[PDB]
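Undergrad: Chains as they are written, first to last, in the deposited numbering: chain 9, 35 to 137; chain U, 5 to 184; chain 5, 130 to 257; chain F, 310 to 395; chain K, 1 to 201; chain I, 9 to 151, 158 to 221; chain 8, 2 to 126. The beta-carbon is built from N, C-alpha and C at its ideal position, and this holds for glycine as well.
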Amino acid sequence: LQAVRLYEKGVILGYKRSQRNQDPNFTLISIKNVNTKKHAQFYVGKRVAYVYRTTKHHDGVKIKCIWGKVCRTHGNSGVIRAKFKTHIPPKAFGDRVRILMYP
Amino acid sequence: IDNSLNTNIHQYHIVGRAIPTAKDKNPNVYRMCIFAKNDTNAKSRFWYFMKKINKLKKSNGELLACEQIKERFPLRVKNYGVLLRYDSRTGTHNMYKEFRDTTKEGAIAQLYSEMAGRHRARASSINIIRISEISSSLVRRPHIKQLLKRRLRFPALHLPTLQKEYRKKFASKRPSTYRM
Amino acid sequence: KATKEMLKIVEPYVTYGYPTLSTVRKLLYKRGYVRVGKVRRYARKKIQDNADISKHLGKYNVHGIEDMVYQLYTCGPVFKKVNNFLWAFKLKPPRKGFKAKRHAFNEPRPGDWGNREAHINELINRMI
Amino acid sequence: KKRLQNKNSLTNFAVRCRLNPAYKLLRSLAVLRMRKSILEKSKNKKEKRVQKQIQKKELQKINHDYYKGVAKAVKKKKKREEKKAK
Amino acid sequence: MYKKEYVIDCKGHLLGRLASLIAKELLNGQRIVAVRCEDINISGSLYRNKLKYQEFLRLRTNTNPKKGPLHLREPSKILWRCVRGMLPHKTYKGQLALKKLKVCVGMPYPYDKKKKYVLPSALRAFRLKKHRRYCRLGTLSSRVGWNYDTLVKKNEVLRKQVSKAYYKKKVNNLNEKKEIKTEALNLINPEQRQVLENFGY
Amino acid sequence: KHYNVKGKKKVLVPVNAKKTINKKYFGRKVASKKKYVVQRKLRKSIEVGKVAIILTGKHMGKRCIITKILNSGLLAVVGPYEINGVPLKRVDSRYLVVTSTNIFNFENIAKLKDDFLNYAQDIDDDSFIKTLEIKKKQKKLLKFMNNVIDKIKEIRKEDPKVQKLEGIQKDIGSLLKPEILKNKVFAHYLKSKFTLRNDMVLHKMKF
Amino acid sequence: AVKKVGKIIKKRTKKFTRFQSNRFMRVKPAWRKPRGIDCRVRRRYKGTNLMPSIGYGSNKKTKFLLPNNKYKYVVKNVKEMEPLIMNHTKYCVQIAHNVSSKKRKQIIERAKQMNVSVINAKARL
RNA sequence: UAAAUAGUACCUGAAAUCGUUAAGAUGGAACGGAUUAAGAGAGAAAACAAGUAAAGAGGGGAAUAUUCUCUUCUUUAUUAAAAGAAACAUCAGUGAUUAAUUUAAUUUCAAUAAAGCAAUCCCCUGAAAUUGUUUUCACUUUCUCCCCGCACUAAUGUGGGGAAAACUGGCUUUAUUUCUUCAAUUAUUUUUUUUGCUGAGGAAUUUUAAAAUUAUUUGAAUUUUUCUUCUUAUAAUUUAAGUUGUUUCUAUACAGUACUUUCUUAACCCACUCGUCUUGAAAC
RNA sequence: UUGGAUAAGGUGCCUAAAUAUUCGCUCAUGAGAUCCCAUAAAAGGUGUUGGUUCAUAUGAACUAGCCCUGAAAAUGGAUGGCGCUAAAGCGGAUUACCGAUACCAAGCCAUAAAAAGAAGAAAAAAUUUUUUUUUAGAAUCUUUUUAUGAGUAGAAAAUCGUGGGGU
RNA sequence: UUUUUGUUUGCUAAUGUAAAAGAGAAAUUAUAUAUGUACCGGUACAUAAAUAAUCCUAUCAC
Ligand SMILES: O[C@H](c1cc(C(F)(F)F)nc2c(C(F)(F)F)cccc12)[C@@H]1CCCCN1
Ligand SMILES: O[C@H](c1cc(C(F)(F)F)nc2c(C(F)(F)F)cccc12)[C@@H]1CCCCN1
Ligand SMILES: [Mg+2]
Ligand SMILES: [Mg+2]
Ligand SMILES: [Mg+2]
Ligand SMILES: [Mg+2]
Ligand SMILES: [Mg+2]
Ligand SMILES: [Mg+2]
Ligand SMILES: [Mg+2]
Ligand SMILES: [Mg+2]
Ligand SMILES: [Mg+2]
Ligand SMILES: [Mg+2]
Ligand SMILES: [Mg+2]
Ligand SMILES: [Mg+2]
Ligand SMILES: [Mg+2]
Ligand SMILES: [Mg+2]
Ligand SMILES: [Mg+2]
Ligand SMILES: [Mg+2]
Ligand SMILES: [Mg+2]
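(1) Is the Cβ of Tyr332 (chain F) closer than 8 Å to any Cβ of chain U?
(2) Please tell me whether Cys37 (chain U) and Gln72 (chain U) are closer than 8 Å, where the distance is taken between their beta carbons.
(3) Give the secondary structure of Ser108 (chain I) by DSSP, where H, G and I count as helix, E and B as strand, and everything else as coil.
(4) From the DSSP output, in three-state form, read off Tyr171 (chain 5) for me.
(5) Which whole runs of the alpha helix (DSSP H) in the region 12 to 62 of chain U are 4 residues long or more, in chain order?
(6) Look at the Cβ atom of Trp101 (chain 9), then the Cβ atom of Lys125 (chain 9), and state whether they are nearer than 8 Å.
(7) Beta-carbon within less than 7 Å of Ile23 (chain U)'s beta-carbon, same chain only, minus the 5 sequence neighbours each way: which residues are those?
(8) Answer yes or no: does any C-beta atom of chain F fall closer than 8 Å to that of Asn244 (chain 5)?
(9) Specify, as a first and last residue, the run of the beta strand (DSSP E) that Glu66 (chain U) falls within.
(10) Please report the residue range of the beta strand (DSSP E) in which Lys43 (chain 9) lies.
(11) Quick one, are the C-beta atoms of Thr44 (chain U) and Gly110 (chain U) less than 8 Å apart?
(12) The beta strand (DSSP E) spanning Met99 (chain U) covers which residue range?
(13) Who are the Cβ neighbours of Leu201 (chain 5) in its own chain at under 6 Å, not counting the five residues just before and after it?
(14) Can you tell me whether DSSP reads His108 (chain 9) as helix, strand or coil?
(15) Identify which residue in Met256 (chain 5), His248 (chain 5), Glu195 (chain 5) has its Cα closest to the Cα of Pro222 (chain 5).
(16) Rounded to the nearest angstrom, how far is the Cβ of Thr209 (chain I) from that of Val38 (chain 9), given a contact under 8 Å?
(17) Please name the residue, chosen from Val199 (chain I), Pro22 (chain I), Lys9 (chain I), that lies closest to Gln192 (chain K) on a Cα-to-Cα basis.
(18) Looking at chain U, which residues of the region 27 to 60 of chain K have a Cβ within less than 9 Å of any of its Cβ atoms?
(19) If you draw a straight line from the alpha carbon of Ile130 (chain U) to that of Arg89 (chain U), how long is it in whole angstroms?
(20) Give a yes or no on whether the minimum CB-CB distance between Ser111 (chain 9) and chain K is below 8 Å.
(21) Would you mind working out which of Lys113 (chain 8), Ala124 (chain 8), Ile120 (chain 8), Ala112 (chain 8) sits nearest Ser101 (chain 8), comparing C-alpha positions?
(22) When DSSP labels each residue in this structure, what does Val359 (chain F) get in the three-state scheme?
(23) Under 8 Å, CB to CB, which of the residues in the region 183 to 211 of chain I have a partner in chain 9?
(24) How is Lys102 (chain K) classed by DSSP in three states: helix, strand or coil?
(25) Alpha carbon to alpha carbon, how far is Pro110 (chain K) from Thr18 (chain 8)? Give it in angstroms, no decimals.
(26) Under 7 Å from any heavy atom of ligand 1, does the C-beta of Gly44 (chain K) make it?
(27) Beta carbon of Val168 (chain 5), beta carbon of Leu215 (chain 5): below 8 Å?
(28) Going by DSSP, which residues form a beta bridge with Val33 (chain K)?
(29) Hey, how far is the Cα of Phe158 (chain U) from the Cα of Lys129 (chain K)?
(30) Please classify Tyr77 (chain 9) as buried or exposed, where buried requires at least 16 other C-beta atoms within 10 Å of its C-beta.
(31) Using a Cβ cut-off of 7 Å, pull out every chain 9 residue sitting near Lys93 (chain K), in sequence order please.
(32) Please tell me whether, using a cut-off of 7 Å, the distance from the CB of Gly226 (chain 5) to the nearest non-hydrogen atom of ligand 3 is below it.
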């Protein structure tokens, strides 16, 4: 096996939202097999990284990453809210995110 | 202890009396059991009832005692007979219903639901007039009589209520309602 | 009597009841703000120190937060003054939320605006 | 005076102490209370039970009486109904 | 919904609920293949359903029916339409989600060899009381002109035989594996074996 | 030094004021008025001979045994180089998931504990932080490709502190290795990398 | 959004452009406050241009500080340069747009002597 | 000609509008706001390096022509440091979690293992002869037994009619509580597991005084207690007296693909032509 | 502005939050779906679900819930759509959650008011002395504190810019 | 098809992904029962019955 996971998989969903009001300050994350509030709480302090690819190289690379902290659980069904260093692009709304094991 | 199953209807013994007056030094004390969700609600109910019945209002009387009565044998099935007065959109009716339960409070809770569901009678419109435990020789309602059967047995046809952990939207193999 | 009447007049817009001692103390501590200055120019200052209240309430033999709390709990010789001194408690919304602000607490259906005499404290705790 | 933080009294022990001086003593007392072993408590239970009997009986009498009253009322109501029917 | 592509076996499901289930997943970011769409059930009585369909058909654009409501009468098509209804398809994300969904009548080329999933919170057996009238979607489609129902059924039947054949082989393989395991459990190491036993395997 | 407020007993560590801040209306003054900062106090699972998984390093996922509570809060870790490949590596408590498994709980390795402890003690805090000179030297190589890397490696090797650390690591390996090898399964475990799989839920894990 | 750099907080990096300045050429971006009934901007409907307001203003303490943390001072002449001899850490020189090249050079030289930063030294360089 | 994109429609030559080039976008408008994004441009005056040394090019000022000293640019190298961003840690403020805990109070209980007590009996609860009370019969099991139906049942049973007992239950006891219980709801309290966000200010005497805490020292107290409290005195510290520290990184860089910022489209959500008279305008 | 916690309302998907739990009631060959609100009635119904009053386990009469009939208009079509019947309907109850520019906590901006104000070395870096920063005192000004901040007609104040003039 | 390096005059070397970290999993069918197996849809015998709450597949470098 080449490469080791060490993170839980996730899907970076919408922003924190009304019915028709945005709130880009928080993102909503679905974490693989976590379906309840209680389970969600386990991940609360863990660090989240949205890694993404680009055409132009930057710090000599095609992959860059934005970091976040995972702030609180979100309503009954294991979803969590995550707050990031800089707000996530909505291009990301169906994308994968990584929830690391540290803190 | 379960906090999803519980219905917060309690029974309160309330005692009150009209403030004594120079002209009526020795007033009459009135007592009742009242089924309500909290103690303040119970008090309010009592006051309302007083208003309805005698010349008395909260402003010219005082609560003497409020007890809160817990069921003595909260794990003994009991057959409860209840008498109600309710208001419909069209008028007012008296009725008697029977409920097999484990506490008076539980019975009351059941009753409220039933009235809401079957008659569209809202909590405001109902007045409980007496709930008493009926011996099995005096059960008049068939849905309670049936239960009172000897060696009663029935299968379990209900659909499994899985925990929202083991509830998943994608399933391997088509679940079975048959069970056994 | 007058107070009661007033309450009745604004019954459907407020929730009230009997606060209990611990709750009162809590309120004084975490939410207790006080008016410090010459009359009609008050400035909302959090207590923290006893010397802040010992200036105004020094004549009335009520130095320290504890004394104030005591006064609040049971209408002592000097309670009204103490109340006046205390800034209106700017409270949070309840952490579990209200039932329904339209309906009464005494209403058989879920409500709020009634005289919740024994559950007022609970409410306060929830929204402290 | 330049405003600094506004320090939670209920937690920040020092601040609390400053606010209310006797509080320390109270806290100490509480701690002491907490300290005492469960065996003693258990022992006390028996004593409590012993002491409670009469009180318990009284309570029973009260509640029983209430029940009886209720029953009587019900009976009266029934009688009234019967009369009406007649 | 973290799989590459979920194949959903639409037999024995309750239409609208199924659609709803699909839609959310699609929105999230999941490739869904709704397969075997002839056997999706609707909770109304068959006749009622038919009537509803007729009514829907009747609402066409008055000026030029080339535009307006396209009354797609294939069961798969119907399902797709339903899914779309439950989506913000007028935006870009919604459109993408819609695209991600793929609907099939019966079972085609790759979705016979892929694992078929079931949505238990949408099943007819778990959502309807057995004294209520339900309606097979294929039948409904046929009633409102689809024609290719019998053919589809035949195809399904044919596929079933193949599946059975494959299943037998699979079973045999499983048996063989079991036998091997039985044989080899004595050939490992005692402590290790014990450990294995303890942990179910 | 320690303070016992409300019954916590927090333990103080002497700190130095480094940051300077401009005065309100005259000359600058030091930022810190506090002289003692409360000690880190690690979790109730971090011990002295437990095996932990490094989450973030280059040796990402490797299973390395804990060595010394290094006083600065962050702890020392070793995956006995000759077995796992993890050197004498300083690490924070957060970037390591410590397993409930302890080395000194096994019947074979428990007897060689005192020596291990001594070794740990011998390791110090200042032996890790690279002095500026070395860094400068390393930098100086930037102004072919692999050659540069080689040079850097050489420079690293040269460092006396580094050498000492290496020696210590070697000693530890010598002390520990044979026993580990003898417990074959354990050795294998030590060697292997911890990876999450499609069954390991993480939130229900009690490792 | 907010643009923290140092302790320097900027609340609103985006310029407030005139309503509809993007719709008719004749309307310049320069903020003008809309008047008259039915403005939408005046009425502050979700989704329109915002109205500049006093809440947006920078902390009294860091206000006219540039990213450098020095207040910009315009300089036309050596004489003017001189008021900032006792202020090289607090004001930074900008040489007037209309200064001839020789004079500019001289000013730059003076600045270097004074240790005072020049924000536009490169003009005509 | 200094200059012809000053060529006589001639100074400057804006906007609308149009052309060329490039980049981009494009499913029945377009633009816009909020927030990012990827590009594409720009940039170094915070976005690293003061000074020290060797030797060039300059400039000054002073001391009494030529000593001294101050410097700006170039260089060869030579050590800072600071500064921001991380990350972790420590406080403090405000929160979100999951465990609890004190003495109570409110007809709670439940087991334990030996004695018993009463059989339509008991705790109860019914039905009957203004509250208390007297008696009446009514109410428990059962894998028990008998008789009838003779397998008659949804039932590995059963419909009915009868018997049995105290295993079941209830009570009365003597003790027992980590075998299992010690609830629930208030009262008053004390903690704790994780944890998110915030860090304003910079105190020439209110960043003090006190509180608290640590190690001492004298005297008391009933809450006999390694957090027991007051108090006599002394030092220190922070829980006081709004965030500082450690290690990286940018980086041993002068601009780069990083960093800043302008523009550019995207994308999620929102957004109706302004002015106007009008109760009311997006207005057909 | 940041974080929190709510309000009205919601929580199948659209659409953030329950295909939550809990007890009923409804099947509709044009169901129903929440203030204003975007309609339905008299009269029926051996549809089912409760009841009440009577009579001898049936026969009555009633009664009220849901449901059905009564119920017909013109572009195609609208519980907002999709859909939904072990509801995602109707009537409850129990929690949990989501959810505002409202509330709370913190910052900053302005306004208003209030306190108050006509002399002095701090630190760091170097190696006991140099270097680096500042070393404040502008009364409509400075420092700090607290509260507050909608706005057409209108009023006022502070600013900003253009052509010229004296300085 | 395989390999190597790259995609760091309007051009004449050339980059993009709504989604890789194991994106693992082919009976069928009933829901008041199904599936096999063996005979003749019927009979007999097995077997699933919190069915992905599972199973498979990982790290054994040289
Ligand atoms: O929403 C109803 C409906 C539509 C459609 C569809 F558009 F897909 F064909 N199918 C329906 C079906 C369907 F047949 F199962 F698809 C059942 C019930 C109602 C349907 C129609 C739409 C017009 C008004 C109400 N009946
Ligand atoms: O009020 C004093 C003062 C004095 C005198 C003086 F007496 F010289 F005229 N003039 C002052 C002035 C002045 F009048 F402008 F000179 C202003 C402010 C304070 C002054 C202040 C006191 C603090 C130190 C500065 N002078
Ligand atoms: Mg609510
Ligand atoms: Mg108007
Ligand atoms: Mg208009
Ligand atoms: Mg010239
Ligand atoms: Mg020209
Ligand atoms: Mg000219
Ligand atoms: Mg010209
Ligand atoms: Mg017995
Ligand atoms: Mg600060
Ligand atoms: Mg819109
Ligand atoms: Mg008009
Ligand atoms: Mg907010
Ligand atoms: Mg909330
Ligand atoms: Mg949602
Ligand atoms: Mg439909
Ligand atoms: Mg809905
Ligand atoms: Mg205003």
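TA: According to the structure data:
(1) no
(2) no
(3) strand
(4) coil
(5) 43 to 57
(6) no
(7) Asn64, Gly65, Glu66
(8) no
(9) 65 to 70
(10) 41 to 49
(11) no
(12) 96 to 105
(13) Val153
(14) strand
(15) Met256 (chain 5)
(16) 5 Å
(17) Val199 (chain I)
(18) none
(19) 6 Å
(20) no
(21) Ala124 (chain 8)
(22) helix
(23) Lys207, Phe208, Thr209, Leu210, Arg211
(24) strand
(25) 56 Å
(26) yes
(27) no
(28) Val7 (chain K), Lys102 (chain K)
(29) 19 Å
(30) buried
(31) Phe127
(32) yes
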